[PDB]
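Worksheet: one structure, shown below.
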Amino acid sequence: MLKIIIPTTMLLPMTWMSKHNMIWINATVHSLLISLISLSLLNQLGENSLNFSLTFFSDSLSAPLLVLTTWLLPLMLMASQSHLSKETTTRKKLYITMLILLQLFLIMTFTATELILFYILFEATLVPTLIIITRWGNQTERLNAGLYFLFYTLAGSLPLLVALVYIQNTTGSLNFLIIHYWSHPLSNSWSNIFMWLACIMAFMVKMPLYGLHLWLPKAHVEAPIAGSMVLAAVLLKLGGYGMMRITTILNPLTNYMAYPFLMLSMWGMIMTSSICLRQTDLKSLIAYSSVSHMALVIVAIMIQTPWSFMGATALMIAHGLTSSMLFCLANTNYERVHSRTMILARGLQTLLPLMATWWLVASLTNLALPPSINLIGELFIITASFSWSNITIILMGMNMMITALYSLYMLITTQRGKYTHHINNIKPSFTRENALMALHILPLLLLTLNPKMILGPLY
Amino acid sequence: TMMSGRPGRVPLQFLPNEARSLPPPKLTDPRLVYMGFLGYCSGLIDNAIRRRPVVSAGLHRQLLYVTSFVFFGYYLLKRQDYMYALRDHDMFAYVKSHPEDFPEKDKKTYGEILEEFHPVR
Amino acid sequence: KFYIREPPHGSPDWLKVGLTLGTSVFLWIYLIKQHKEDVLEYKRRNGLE
Amino acid sequence: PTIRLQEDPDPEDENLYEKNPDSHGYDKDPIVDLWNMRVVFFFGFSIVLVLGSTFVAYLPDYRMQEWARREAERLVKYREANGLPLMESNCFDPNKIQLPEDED
Amino acid sequence: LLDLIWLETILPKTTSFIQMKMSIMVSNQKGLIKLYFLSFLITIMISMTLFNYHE
Amino acid sequence: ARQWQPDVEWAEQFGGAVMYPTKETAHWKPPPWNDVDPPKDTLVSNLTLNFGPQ
Amino acid sequence: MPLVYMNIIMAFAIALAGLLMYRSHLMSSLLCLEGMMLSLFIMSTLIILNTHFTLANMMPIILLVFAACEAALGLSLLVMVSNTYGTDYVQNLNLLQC
Amino acid sequence: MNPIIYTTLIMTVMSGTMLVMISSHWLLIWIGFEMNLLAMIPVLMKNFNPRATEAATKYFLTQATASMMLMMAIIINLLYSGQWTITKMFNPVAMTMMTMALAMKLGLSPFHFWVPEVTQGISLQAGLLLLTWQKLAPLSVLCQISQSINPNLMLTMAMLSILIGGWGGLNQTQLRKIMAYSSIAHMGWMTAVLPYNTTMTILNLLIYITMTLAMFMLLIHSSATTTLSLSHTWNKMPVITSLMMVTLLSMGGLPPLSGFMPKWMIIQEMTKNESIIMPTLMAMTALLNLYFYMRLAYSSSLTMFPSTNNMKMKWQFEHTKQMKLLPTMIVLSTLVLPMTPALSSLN
Amino acid sequence: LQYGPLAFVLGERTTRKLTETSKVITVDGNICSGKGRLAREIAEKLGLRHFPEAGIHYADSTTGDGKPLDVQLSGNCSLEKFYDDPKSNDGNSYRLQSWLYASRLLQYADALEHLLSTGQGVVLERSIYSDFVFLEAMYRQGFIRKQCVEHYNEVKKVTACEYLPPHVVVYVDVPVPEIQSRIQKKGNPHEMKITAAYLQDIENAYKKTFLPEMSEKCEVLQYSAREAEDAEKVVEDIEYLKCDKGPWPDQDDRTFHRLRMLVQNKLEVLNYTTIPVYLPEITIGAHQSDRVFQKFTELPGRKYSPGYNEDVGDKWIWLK
Ligand SMILES: CCCCCCCCCCCCCCCCCC(=O)OC[C@H](COP(=O)([O-])OCC(O)COP(=O)([O-])OC[C@@H](COC(=O)CCCCCCCCCCCCCCCCC)OC(=O)CCCCCCCCCCCCCCCCC)OC(=O)CCCCCCCCCCCCCCCCC
Ligand SMILES: CCCCCCCCCCCCCCCCC[C@@H](O)O[C@H](CO[C@H](O)CCCCCCCCCCCCCCC)COP(=O)(O)OCC[N+](C)(C)C
Ligand SMILES: CCCCCCCCCCCCCCCCC[C@@H](O)O[C@H](CO[C@H](O)CCCCCCCCCCCCCCC)COP(=O)(O)OCC[N+](C)(C)C
Ligand SMILES: CCCCCCCCCCCCCCCCC[C@@H](O)O[C@H](CO[C@H](O)CCCCCCCCCCCCCCC)COP(=O)(O)OCC[N+](C)(C)C
Ligand SMILES: CCCCCCCC/C=C\CCCCCCCC(=O)O[C@H](COC(=O)CCCCCCC/C=C/CCCCCCCC)COP(=O)(O)OCCN
Ligand SMILES: Nc1ncnc2c1ncn2[C@@H]1O[C@H](COP(=O)(O)OP(=O)(O)O)[C@@H](O)[C@H]1O
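Taken in order, these protein sequences are the chains called r, g, f, e, l, Q, k, i and w. Okay, so the first sequence: first residue is 1 according to PDB author numbering, each after it adds one. Okay, so the second sequence: first residue is 2 according to PDB author numbering, each after it adds one. Okay, so the third sequence: first residue is 28 according to PDB author numbering, each after it adds one. Okay, so the fourth sequence: first residue is 51 according to PDB author numbering, each after it adds one. Okay, so the fifth sequence: first residue is 552 according to PDB author numbering, each after it adds one. Okay, so the sixth sequence: first residue is 34 according to PDB author numbering, each after it adds one. Okay, so the seventh sequence: first residue is 1 according to PDB author numbering, each after it adds one. Okay, so the eighth sequence: first residue is 1 according to PDB author numbering, each after it adds one. Okay, so the ninth sequence: first residue is 36 according to PDB author numbering, each after it adds one.
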């Protein structure tokens, strides 16, 4: 699959040799071409993976993630080129380089065939993101946000490295195929309990689990728009991919281990969905929405049923798209009014109608309206949980009610009512913003047309 | 430690005579290409630090950087391959000379081995 | 223009350019010859060709 | 000086619609702006979106699901034509399985 | 109560406080070699009677 | 509108003798810009000798 | 092991402790260092004399030579410290505290 | 100092280190250490001031005491076995004495106190020399006798060094003290794997020396010795600060950078043994070093600090003498992880 | 071969090019004195090199093309605005004072480099040793604050201690009424606003501090207004001096090697001028710093090194 990896490494010097006023055009065009190329990975087999070489492979869980990454890069390029207009050409090329390196690391991450290479790229993704946040953020809290983001990740991921090298020393290999075919049960031991914790906690922190989720509001609120897009769309799904890969070795230990994580995920689902009801900041509301959805994905991965895994894959894809669109929609208003307070700019449907319908469709997909892929994934997870325990429906049911509540609350607060009288600098929506919204939203509907492409290997 | 003392080893050779019975790394070896890339990056950083046009300032010195890195990398790769070949040779010889420590166990089929089943529910 | 004429010449320092290119060419030729000799020696030892 | 710095004042926002009433919000130069709009629309909506969706809709059935249906039809036909249970609870033939001789 | 206070208190704020306290304790030395070499003597005595006795 | 960048008040917290000023190290002073402390004007004490009369 | 070996090793330990403990004057610490050289010389000579190793009879000479090198180094440093402060007190050597 | 005398002193330092490395006799190794110290003392005092005199005196006292202990260990080993060859160290008391002597020569905790003071009191060139070249000989001797080394004592000192370097580095505003504390932590990382595999020790040594050379050469290029003096560099040399930030990230140990490779190999080698807890603690403690590296990166490259008016005059002048191999050290300090298997040419 | 350790180990010494006529000379006088013409006459009679007094754009003349740059890109201060509004709250007074001190330090380094490289002597129209008189004049008149004086003193303490004082100190003494009359006869509108107390403070500083301090280490030759015109007398007075009291007779080849390594590398000379002391008058915010620095690199021959700027006519770049 070097036919996708090498064009990105070629995006690098093409950007660094493009003339000063053609960087955005070249980057967008060739990133769109690269996404078109990567779209060919969706032709998956039904029994085994696509083993390209000794180091790279692809199944139907990683192909939609790769397509999502390659599609997200041009969207971030379009969203970034507005707030970087006054920026010097060299640092604009540096920003584009950061985005390209992030894409390359993500692309190699989803297809690395042994656990150590996956770990190396999984953690290499931290450097471009940190540089983006702490160099191109706007406020003074970006430094502390970057510190939280870095150290939460590393604290949970270093024990993963120790566990991985221990596992290879004991079993002889870390290639995923060999690990799956030669898998053996884990005994009920303290050593095994701590090896389970070391294997699981890094991905819990990345999801994030409700407990260790504090870094996420700081990182997503202080980041520039492209940073927020990549954090919400792809970087949260690294933990889900890692769990769905590493879990095969962990069983049968997971049955008595997953209890605290399941309880944390469900109750924190309720808690973080309730937090969105009293959020005075829009970006923080979207961030806590992401936390609750990813808690649902954690429950799905933990209970380990085929329907669970299909729902988790669908929910990961759907949430990536929806959260990216919501962040872009919020950033449009932010660039209008230079403040993130929700109640500052009100009644925007009167002044920005098409942007108002973009808001409506984003909010509708956020609260899992049928037959969107959001609800497909959520309902599959809910059915799997009901099979796991019939009492889960109460918690699941409560979450659905609060999710619809804060989604429509955000829509009503920002779009309806009467426009604030003092603000007179609300210009008509640009073609760039409307195109960006359309390019987020059209793939969601086209995907609900053909939903088997994002349902994972268990399909 | 482990490889420091070995019989019949010249102290500062860096490339024993027995290493010539191994296939040399190809000149298009990806590791050599990475060494050349490292040389190119060193040349570019040299241009940037000295406040010169990064891509085009000194072509002769950039070429010297690239060829120096490739030249060192070729012998580095040869020595790497030789040491790994020695490791495998010694391990195989030790396995062969100590049969009782590496015995071939009986082959069992999955129809005979009884693995406990853990239901997922 | 420059007030003083920037001791690194406005033309290339032909001596340094000369020996830099010379050592690059020499290194490349030596590496090619070493590779050919290694290939022949390896084929001679192992009974291939 | 009653100040702390020799710092530039914060500049005000530059409205793109002022110098270009039809500005597309891509760049300040109208020509580069128009061409950025055109390339985004053509390579996003025309090439990747429509042609990619068409390519995805006509992907060959490598998932082997019509094949599975045909195989199921053949086995059901054969088994019902011979008075067979149409599916057995043993995934593998018990004869090729050697259970432990005793558990007492 | 939970996010802005207690979840902050337990993992990151406790870590920062403990690391800052340990940094202040370790770094703030008087700069005098008298105390340093007294510490060296204590360390040497401990090593001889602990690690060394158990051969 | 513009991105926030550190000011004098922000930069002066990295200009002390150490990070985390405390009660004990509050009276420490940062070393001289060039690492040359002023010469301590040590009073020289010559030997005073009675040479004679005896 | 003989008892004279105990006495020499105790002399070395006493000199090491005396060096480790600092009072005021630097000079006394250099005295302790030179005493440690003296004890090492005596121990080496006794061991070398007892088992008839002929070729090591020269190493105490080299030990004394490098002992003198250390002594000269310490004296030069003490000269410079006293020139800076007027006394050889170790309390003055505290500029690198901050 | 006369250039001829300075060159002679530097070559005497290097010849003492080489004599330590090429000698099979204990007396000759001791003589190499003594020659190294004798020529090393004036180099610290090349630029004369009270602080340089203090650093020279403290360094001399520490190294002289270490030489005392090393000679005593040699003599005890001779007494209990008439052997002059550097080998298994037949006596355990002599082995403990030798281990503490070499650890105090290296600066391993609890003997770490001298290093921050001596590094701060000397110039950046002498600090570079002290923190790179002066570690080779004690580490070579420790490598040669690692079979008889006691795991309990060496691992205790290594863990103490990592903890103390991480903690002490957090409190520091001066750059030389930060480099000294990072040196102590890296020394602990090097000596933790010493009883298990000396090839990993040599690999960590080479990577650390490359990163340290890059960092000192960057700090010499931009004449900065404090945090705020380095906060000015972006207004004169932005490329230097960007390279410094990447080098700092590499120093922290984050992948895919060169710095990550030594810890990754050491952890793997320790887990080939049982040794599970200690590598975990080592990584969680190296997090502190990463933290204060990031503090430096925030102050120097990822934000823009206020400048002064006189920098406009510096804008018109070039860097007169350019240090060779700065570009090479930066590249080797960042982009060398894919060449990791080449460590097999080290054993 | 650029001068360095290698050129010192083999061959080059500088006491074999000092020919007893070097005699670094600095001429000092109160504003609007005939010191410039006296210095020019002294230089052309003695065969020395004359250094015109360092102004705001002195560094511009030694870099790139000798043409001055914009005030916003170099200096960021004007002398005219100091004469118009010496108490303006933008900090122009002390900013100008510190920029002038840095310019004088650079000029002293250049003069010393020329002296130690060719042996030829130099004549200076002022020095870093006498720049403090304007500082004290501003401070006594309330133009600047005490913190500015402390910052100046720190920079001067860490910078001026590394150089050698001039051999001969020439002072042109012209009383305050006469210099006021000369300013009135000048024609410049801006200067005419100099209060007499300012010139009195400058004169007081020169007589009380500069000359007494320079007396212990230099040859001080005071003159009067009428003695300055006949420069032959001054030159033959300089020819019959005994340079015996300063630190110059105590200088070896190693001290000269150190000083010659210091006088080149102007970045090392200017190192301690930009110490991180945050005075509001001279501290520049991040945004303005970035903007002005970006503007500086947009200049015709300032983006790259002095040999690699294509847009000023440098060819063969790819082969350098
Ligand atoms: C994994 C896949 C591959 C990835 C490998 C890693 C990345 C690539 C290699 C990296 C090293 C290579 C270059 C390093 C030296 C360059 C330094 C530099 O500044 O460049 C300026 C230079 C432009 O300057 P200029 O033109 O001379 O004039 C403008 C002035 O110089 C303007 O001068 P200025 O003074 O105004 O500049 C000021 C600016 C200058 O500051 C900088 O430019 C930053 C310098 C980069 C640091 C590099 C450190 C070492 C590399 C480590 C990389 C880490 C990767 C791992 C991921 C973590 C990311 C950190 O500083 C700032 O403004 C502050 C911004 C702070 C941001 C902090 C982030 C910085 C670190 C990020 C590094 C990430 C990699 C960047 C790679 C490219 C960067 C140029 O850039 C280039 O032109 C070179 C780009 C590459 C050239 C390749 C072209 C070859 C031919 C093309 C065709 C290809 C083959 C053809 C055949 C096909 C058949 C047809
Ligand atoms: C903020 C969010 C953080 C993330 C939260 C992650 C939660 C991780 C918790 C892991 C759950 C399982 C760990 C222990 C397994 C068994 C539970 C315990 O009760 O053991 C009992 C045993 O009784 C006692 O509880 C033994 C453990 C006593 C010590 C544990 C106390 C720890 C206090 C909790 C601290 C909070 C955790 C967070 C730390 C920062 C069971 O009896 P037994 O069947 O015989 O033993 C089964 C295990 N065997 C078979 C291997 C032996
Ligand atoms: C960032 C990487 C840092 C690299 C450091 C500098 C890189 C260049 C190294 C300079 C090359 C010349 C050194 C030696 C050449 C000829 C001398 C020859 O005799 O050396 C022999 C063999 O050569 C050297 O031993 C090996 C040098 C190889 C260095 C490169 C390995 C780098 C580690 C992996 C990182 C990847 C780097 C990729 C290139 C940048 C010594 O054999 P031996 O007497 O028995 O060893 C005694 C000590 N032992 C046994 C304990 C080892
Ligand atoms: C502004 C005006 C609005 C109102 C006017 C609207 C105009 C008319 C629109 C109304 C018509 C409704 C459509 C009716 C459905 C017909 C389409 C259907 O037949 O196609 C589906 C097929 O859907 C496609 O598969 C959709 C492709 C999915 C999108 C591809 C992704 C594009 C790349 C963008 C990046 C996305 C990244 C996220 C991760 C993937 C059926 O699936 P399938 O039965 O099997 O295929 C049939 C062909 N076979 C039989 C040969 C197999
Ligand atoms: C955002 C913050 C998150 C931080 C989470 C970090 C902690 C993750 C959980 C523990 C990680 C450390 C596990 C160690 C690596 C696993 C390797 C392993 O399992 O192998 C075991 C080794 O098991 C161990 O040694 C485990 C020792 C644990 C010591 C480290 C203490 C860490 C703190 C413990 C409690 C906290 C952990 C949970 C906290 C969750 C986060 C709140 C078997 O080795 P043997 O010695 O050969 O035994 C069998 C042969 N006789
Ligand atoms: N350190 C300083 N501070 C303020 N003004 C100064 C300083 N140095 C020189 N000047 C001004 O520069 C101008 C020229 O000085 P001067 O030599 O007296 O005139 P001329 O060149 O005609 O002889 C004068 O107006 C003087 O005030």
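Using N, Cα and C, we set each Cβ at its ideal position, and we do this for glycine too.
{"Item": "Which of helix, strand or coil does DSSP assign to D88/k?", "Value": "coil"}
{"Item": "Looking at the strands, I want to know which residues DSSP matches up with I273/w.", "Value": "Answer is none; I273/w lacks a bridge partner."}
{"Item": "Measure the CB-CB distance between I179/r and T254/r and report whether it falls below 9 Å.", "Value": "no"}
{"Item": "Is the closest heavy atom of ligand 2 to the C-beta of residue 462/r under 8 Å?", "Value": "Examination of residue 462/r is not possible in this model, given that chain r is present from 1 through 459 alone."}
{"Item": "How would you call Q316/i, buried or exposed, if buried means at least 16 neighbouring beta carbons within 10 angstroms?", "Value": "buried"}
{"Item": "So, for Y258/w: in the same chain, excluding its five sequence neighbours on each side, which residues have a beta-carbon less than 6 Å away from its beta-carbon?", "Value": "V207"}
{"Item": "Starting from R84/w, trace the alpha helix (DSSP H) in both directions and tell me its first and last residue.", "Value": "It is not in any alpha helix (DSSP H) - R84/w instead sits in the beta strand (DSSP E) that spans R84 to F86."}
{"Item": "Are the C-beta of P116/i and some C-beta of chain k separated by less than 9 Å?", "Value": "yes"}
{"Item": "Taking a cut of 8 Å between CB atoms, which residues from the stretch 552–563 of chain l lie near chain r?", "Value": "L553, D554, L558, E559, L562 and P563"}
{"Item": "For a contact defined as C-beta to C-beta under 9 Å, what are the partners of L170/i on chain r?", "Value": "Chain r residues near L170/i: none, gap ~13 Å exceeds 9 Å."}
{"Item": "Which ranges does the beta strand (DSSP E) cover as unbroken runs of at least 3 residues, wholly within the stretch 145–222 of chain r, from first to last along the chain?", "Value": "none"}
{"Item": "Bridge partners for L50/r per DSSP, in chain order?", "Value": "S58/r"}
{"Item": "DSSP on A345/r, reduced to helix/strand/coil?", "Value": "coil"}
{"Item": "Does DSSP put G320/r in a helix, a strand or coil?", "Value": "helix"}
{"Item": "Pair every Cβ in the stretch 69–89 of chain i with every Cβ in the stretch 39–51 of chain i, then say whether three or more of these pairs are closer than 8 Å.", "Value": "no"}
{"Item": "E62/e and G320/w - do their beta-carbons sit closer together than 9 Å?", "Value": "no"}
{"Item": "Can you tell me whether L447/r sits near ligand 4, meaning its C-beta is under 8 Å from at least one heavy atom of the ligand?", "Value": "yes"}
{"Item": "DSSP three-state call for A131/e: helix, strand or coil?", "Value": "coil"}
{"Item": "For a cutoff of 9 Å on Cβ pairs, would you count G59/g as touching chain w?", "Value": "yes"}
{"Item": "Can you give me the Cβ contacts of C199/r inside the same chain, cut-off strictly under 7 Å, excluding the 5 residues immediately before and after it?", "Value": "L160, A163, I246 and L250"}
{"Item": "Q120/i CB to nearest chain k CB: under 9 Å?", "Value": "yes"}
{"Item": "To the nearest angstrom, how far is the alpha carbon of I391/r from that of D60/e?", "Value": "57 Å"}
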